[PDB]
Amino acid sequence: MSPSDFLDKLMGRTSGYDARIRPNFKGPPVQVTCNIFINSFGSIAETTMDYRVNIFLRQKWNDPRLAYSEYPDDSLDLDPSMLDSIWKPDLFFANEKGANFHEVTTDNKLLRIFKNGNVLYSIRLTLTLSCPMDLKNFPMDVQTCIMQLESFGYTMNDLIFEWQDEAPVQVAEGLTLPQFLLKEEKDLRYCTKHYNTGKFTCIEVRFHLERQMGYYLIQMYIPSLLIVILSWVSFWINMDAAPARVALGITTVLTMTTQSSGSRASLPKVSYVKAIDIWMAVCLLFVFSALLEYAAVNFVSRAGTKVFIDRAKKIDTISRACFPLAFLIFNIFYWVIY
């Protein structure tokens, strides 16, 4: 039989096939089996609180109307134009902010049918998915971003999604993220939805994203360490040089504040204390205490008498040991806790 006539008899004019009717429409729900290949993964934004993926979405279900005997071939690879002629699930991504198909240079779609009427339908999609983030431990945080595959119009009695048994989520070889590490273990689960329009099938996959710490050592933690260490050189400067020691004190405090708000600029305006806030707060405390230290040194030595000059000198010599020692103790606590 010629292919043109076969397609005509199976799903075309002479077929009497109606794509508005599901497989076994008087019978049990259509069991769809999903799996995704993750071609790319990125644009993980804290501010907009979302991420982007390019995937191949594979769906599998049985349509006894598409079973064939005319060829001995176990499967037939069909032209994607025939997808419009057949019934297919109405899967949508429940937490999708933006989604699109790919049409260059032709529709990036795949249709394959088997002897027994099974269908394989793969379609390429770019999705932007919402991923609410918990920034309490930033930048030592780990996020959990999800992806929900749901039916819009079919209730649980007509259509049921299920992750494939073997390898439901594949990831492209050598795929990396610059800011995160994508953990090998993906959690699969059900998000079965109950709306006032009914009960709807929904399956979910959770990716775990561990933020890479290296960037923050170099661009956040070390340069704050500078400003704190810089603040301490005041303690080796002559107590008579007020303009010099105040200059150091101010400029370290101010550098430390612009450092602090510089890092807050890349994040959303959450109303809870993050780990980076604690660090910047304590660093700023140490830098501010050092200025108060000189204010004390300057003030106790007003009268130029030896007894008072000696008392001021003791404040400096204690400071040279205690400030670094205390800051070292703080680092032990901070790093151990997280």
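Position 1 is the first residue in the sequence shown; the rest follow in order.
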Compare the mean C-alpha B-factor of 179 to 187 with that of 87 to 95 as given in the PDB entry, and name the stretch with the higher value. 179 to 187
Which is higher in the entry, the mean Cα B factor of 229 to 237 or that of 104 to 112? 229 to 237
Comparing against every modelled residue in the chain, figure out the third that the C-alpha B-factor of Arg264 lands in (lowest, middle or highest). highest
If you rank the chain by CA B-factor, which third does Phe308 end up in: lowest, middle or highest? highest
Should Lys274 be placed in the lowest, middle or highest third of its chain by the C-alpha B factor in the entry? middle
So, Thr197's CA B-factor, relative to its chain, sits in which third? The lowest
Assigned third (lowest, middle, highest) for the C-alpha B factor of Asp165: highest
